[PDB]
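**Q** curious how this folds, go ahead:
(5 chains, ligands or ions: 1)
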Amino acid sequence: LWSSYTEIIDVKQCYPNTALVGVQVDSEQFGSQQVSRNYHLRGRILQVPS
Amino acid sequence: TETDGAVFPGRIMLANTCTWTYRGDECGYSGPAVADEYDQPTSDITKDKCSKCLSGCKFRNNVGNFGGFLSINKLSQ
Amino acid sequence: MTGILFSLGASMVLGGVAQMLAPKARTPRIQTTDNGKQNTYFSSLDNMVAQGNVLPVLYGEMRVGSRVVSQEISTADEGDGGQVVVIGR
Amino acid sequence: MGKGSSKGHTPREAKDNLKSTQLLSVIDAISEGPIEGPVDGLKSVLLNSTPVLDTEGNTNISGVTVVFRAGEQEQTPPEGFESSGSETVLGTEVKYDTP
Amino acid sequence: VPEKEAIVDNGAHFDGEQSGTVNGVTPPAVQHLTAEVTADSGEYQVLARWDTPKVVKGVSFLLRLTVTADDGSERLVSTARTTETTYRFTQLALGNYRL
Ligand code: SF4
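**A** Numbers count the residues shown, from 1 in each chain, chains lettered A, B, ... in the order given. The relevant structure is shown in the block below.
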């Protein structure tokens, strides 16, 4: 059987000048509880002397 | 160098309003005059102003550089 | 072009000698909801709401929790991206 | 991986029965300016408090797909996220002779 | 300055809908609901399956089972709330049913 088909339009926003992370995870594993995302990052690229 | 009216982070995440300055470095738009500040079509360069709304940005086809973050108000609710 | 000139040493030292050489660091207010869990102004480990709040700035290596821009639940597609897909046993 | 943009994934275990699986799609706004990025790849991403990758290469959580965009003026929108879609219901049986 | 009243009253240009009821946060209907009556295990069982729709920020499910008597009255046999897309019913009676 062939049931239907969908034409999908993705996100078209670039989010300039912001550092963002997107996560897609199968949710049956964690059960009822919500997931709390924490990241271990470095931070701003500053301007230092030559 | 006085610090009376200044708050440091200074950039607000808004759901429907763009915080950039029009034709600035961050908006990155440079082209013919398109619309008014009330989303009315125009061609005179003197009275071309962005309304900071999503339609005002769509007039420029510059949706990519939109300052605000759409559909936050669904989550904040 | 007249007046009285005073000595500020006794007035300045009233707080402490240290405050004359360097300002004092700020401490967040105490809320009893935390059960004595103590907070600081330069760390945050949880995910906060977005609208009406500022975009944070990160200056050094640290564990971070970040404001949410989107969150949804849907049904996952069976295809894993390759040409071959096998459904079921 | 790269500094400007990155991608990673841990493979999902195959199912046995004919059952569907939910999927959680989250976007987080970490900081403002150009930041250097993760310290150790996927091991620096923590769900609840568990690293996605163990201290070694062994995986702790299977099925996670992470996209990292360091703050830049010119960057591409995150991949795999959708805004809207329209569907047309066919409901027509496929037979051998007529595709 | 009396001239500022007309400047204030003109307001601004707002984009969107005043009603804004096209898409709130009410979840849509579940996608594919099917009930299967199997005697493989030696008993009569009902296997209910559905597919999660696009729900914002978490979703859970509510199930009601109703016995449709011959008269036309519908009795309520049981109710359940679960977060798993599949549910099984056992030890049922002889009448018709609706989920
Ligand atoms: S709405 Fe679009 S065109 Fe107008 S200032 Fe913002 S980014 Fe620029």
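**Q** roughly how far apart are the residue in chain E that the ligand sits nearest to and residue B:58?
**A** At 10.3 Å from the ligand, residue E:15 is the closest residue in chain E, using Cβ to the nearest ligand atom. In this view, the C-beta of every residue, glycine as well, is placed from N, C-alpha and C. Distance, residue E:15 to residue B:58, by Cβ to Cβ, to the nearest Å: 9 Å.
**Q** again, but for residue B:76
**A** Counting by Cβ to Cβ, the gap from residue B:76 to residue B:58 is 24 Å.
**Q** then residue B:69?
**A** From residue B:69 across to residue B:58, the span is 16 Å (Cβ to Cβ).
**Q** those two: who's more crowded?
**A** Taking other Cβ atoms under 10 Å in any protein chain shown, residue B:69 and residue B:58 do not tie; residue B:69 has more neighbours (23 against 14).
**Q** which strand or helix spans the closest residue to residue E:28 other than its chain neighbours?
**A** Nearest residue to residue E:28, sequence neighbours excluded (Cβ to Cβ, 6 or more residues apart in numbering or on different chains): residue E:53, at 4.4 Å. Using DSSP states H and E, residue E:53 sits within no helix or strand.
**Q** which residues touch residue E:53?
**A** When contacts are counted by Cβ atoms under 8 Å, 6 or more residues apart in numbering or on different chains, residue E:53 touches C:74, C:75, E:27, E:28, E:29, E:30, E:31, E:59.
**Q** next, count neighbours for the fifth one.
**A** This points to residue E:29. By other Cβ under 10 Å, 7 other residues sit near residue E:29.
**Q** same check, this time on the third one
**A** Here the number of neighbours of residue E:27 (other Cβ under 10 Å) works out to 16.
**Q** now it: how far from residue C:53?
**A** For residue E:27 relative to residue C:53 (Cβ to Cβ), the value is 27 Å.
**Q** same deal with the fifth one?
**A** Relative to residue C:53, residue E:29 is positioned 34 Å away (criterion: Cβ to Cβ).
**Q** for stretch A:6-16, measure first residue to last.
**A** The first residue of stretch A:6-16 is 29 Å away from its last residue (Cα to Cα, to the nearest Å).
**Q** what sits against residue 9?
**A** Chain wasn't specified; assuming chain A. Residue A:9 touches D:82, D:83, D:84, D:85, counting by Cβ under 8 Å, 6+ apart.
**Q** looking at chain D here, not the other one
**A** Applying Cβ under 8 Å, 6+ apart, the residues contacting residue D:9 are D:64, D:65, D:66.
**Q** what about the residue in chain B that chain A sits nearest to, which SS state?
**A** Taking Cβ to the nearest Cβ as the measure, the point where chain B comes nearest chain A is residue B:64, at 4.2 Å. Of the three states, residue B:64 takes helix according to DSSP: H, G, I helix; E, B strand; the rest coil.
**Q** and the spatially most central residue of chain D, how far from the ligand?
**A** The centroid of chain D falls nearest to residue D:65 when counting by Cα atoms, centre = their mean (2.5 Å). Remark: distance between residue D:65 and the ligand (Cβ to the nearest ligand atom, to the nearest Å) = 29 Å.
**Q** which element is the residue nearest the centre of chain E on?
**A** Centroid-nearest residue in chain E, with Cα atoms, centre = their mean: residue E:29, separated by 4.8 Å. Per DSSP H and E: residue E:29 is located in neither a helix nor a strand.
**Q** excluding sequence neighbours, find me the nearest residue to it.
**A** Here the residue nearest residue E:29, using Cβ to Cβ, 6+ apart, is residue E:53, at 6.9 Å.
**Q** would you mind writing the CA trace of the strand ranked longest in chain C as CSV?
**A** Longest strand in chain C, counting residues (DSSP state E): strand C:67-75. What follows is strand C:67-75, C-alpha atoms only, in CSV (Å, rounded to 0.1, in the frame of the first residue of the first chain):
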residue,chain,number,x,y,z
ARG,C,67,17.8,29.0,26.8
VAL,C,68,15.4,26.9,24.7
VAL,C,69,14.4,28.2,21.2
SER,C,70,12.4,25.1,20.1
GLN,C,71,11.2,21.8,21.5
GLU,C,72,8.8,19.3,19.9
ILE,C,73,7.9,15.6,19.8
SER,C,74,7.1,13.7,16.6
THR,C,75,7.3,10.3,15.1
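**Q** could you report the neighbour count for the residue nearest to residue E:47 when sequence neighbours are not counted?
**A** Among residues not flanking residue E:47 along the chain, residue E:36 sits closest, at 4.5 Å (Cβ to Cβ, 6+ apart). Per other Cβ under 10 Å, the neighbour tally for residue E:36 reads 9.
**Q** hmm, residue E:46 and residue E:36 touching each other?
**A** Yes. In this structure residue E:36 lies within contact range of residue E:46 using Cβ atoms under 8 Å: 7.0 Å.
**Q** quick one: residues contacting the residue of chain B closest to chain A.
**A** Contacts of residue B:64 (Cβ under 8 Å, 6+ apart): A:12, A:13, A:14, A:16, D:77.
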